[PDB]
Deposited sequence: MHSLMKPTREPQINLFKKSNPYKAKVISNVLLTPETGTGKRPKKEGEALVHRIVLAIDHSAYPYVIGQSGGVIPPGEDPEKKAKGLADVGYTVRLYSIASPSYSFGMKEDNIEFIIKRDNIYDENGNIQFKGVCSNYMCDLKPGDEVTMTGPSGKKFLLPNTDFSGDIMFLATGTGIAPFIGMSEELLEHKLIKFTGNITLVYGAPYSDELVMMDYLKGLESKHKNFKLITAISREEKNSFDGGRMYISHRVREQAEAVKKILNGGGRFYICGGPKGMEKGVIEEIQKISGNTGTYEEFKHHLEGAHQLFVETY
């Protein structure tokens, strides 16, 4: 709520407690759906926490931090006296003032981060804790965290391209609702959301997103289903990067029209492929990093990958 980002209003020494309102699964229960045994599981939950927007005035594009209950084995073994699990960050998926501007909650899009044969081998601590939350449970929170990945704070006319993979879709749900419905600013540009995942059933919030597309014209939705589609260029898996190449003109519109690029999701450093595809389109032949830093400097690039 209330524009202008604040960070670290809550640290591990003064956490913020939040009660769980809802925690619903968004992907097929294990065994159902397209992902075969040998490829493990893709269990993605949508999690809604009740908070006091007065005490936790977050801004969409920011991250919330969670502290999983318990003692970190590695820390105890190293004997740290801290021992408590270190914070895990998650992209806030709800719009600044919540859906319907009720200012009553905050939401996350979290996936069980396991390893896996097809059977489980290692089990992510925090992601599973979250996905195991029951309505009424209390969550230890930190933040807000981050103040770079943000929307314009004044009226905007340039086009905006959202590039997401998997859970990276989170920030773009809130941002999409805020730009198209909440209108905290007069936005007159075109939104292009390029969203990628392994299987069609692992694309989450689709009903909502497709609905956004049919209601606006202001908003186009493209998907890259990597394990069901091959790109037309090299016949490899279809990634969002290949979609960018197909959207050469929407890309050019942004490069020359003062638009913005938001890239979010995994795996770590997945922005490289997307960025150097944008560079091909611009035709600029500087080094990858010279082009990337230029865009960021020009406020036309925003990247959060993990």
- Show which contiguous pieces of the deposited sequence have no C-alpha coordinates, counting from residue 1. 1-6, 123-124
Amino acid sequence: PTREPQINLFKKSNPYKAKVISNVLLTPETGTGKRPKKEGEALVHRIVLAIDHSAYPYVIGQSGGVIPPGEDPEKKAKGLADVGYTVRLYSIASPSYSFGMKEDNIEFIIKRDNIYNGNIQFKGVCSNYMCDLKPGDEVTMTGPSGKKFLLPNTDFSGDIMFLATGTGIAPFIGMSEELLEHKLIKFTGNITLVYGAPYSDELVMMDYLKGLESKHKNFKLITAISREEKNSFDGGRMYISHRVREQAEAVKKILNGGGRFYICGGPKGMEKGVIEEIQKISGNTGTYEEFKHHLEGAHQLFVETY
From here on, numbers count along this sequence of modelled residues.
- Query: Do the C-alpha atoms of 82-90 or of 161-169 have the higher average B factor in the entry?
  - Reply: 82-90
- Task: On mean C-alpha B-factor from the PDB entry, just flag whether 1-9 or 296-304 is the higher one.
- Result: 1-9
- Comparing C-alpha B-factors across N117, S96, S176, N190 in this entry, the winner is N117
- Task: Among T140, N218, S226, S214, single out the one with the highest C-alpha B factor in the record, please.
- Result: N218
- Ranked C-alpha temperature factor of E276 among modelled chain residues, by third: highest
- Rank-wise, by C-alpha B-factor, drop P28 into the lowest, middle or highest third of its chain. lowest
- The third of the chain into which the C-alpha temperature factor of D52 falls is the middle
- Message: What third of the chain does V244 rank in for C-alpha temperature factor, lowest, middle or highest?
- Response: middle
- Query: With respect to C-alpha B-factor, does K75 fall in the lowest, middle or highest third of the chain as deposited?
  - Reply: middle
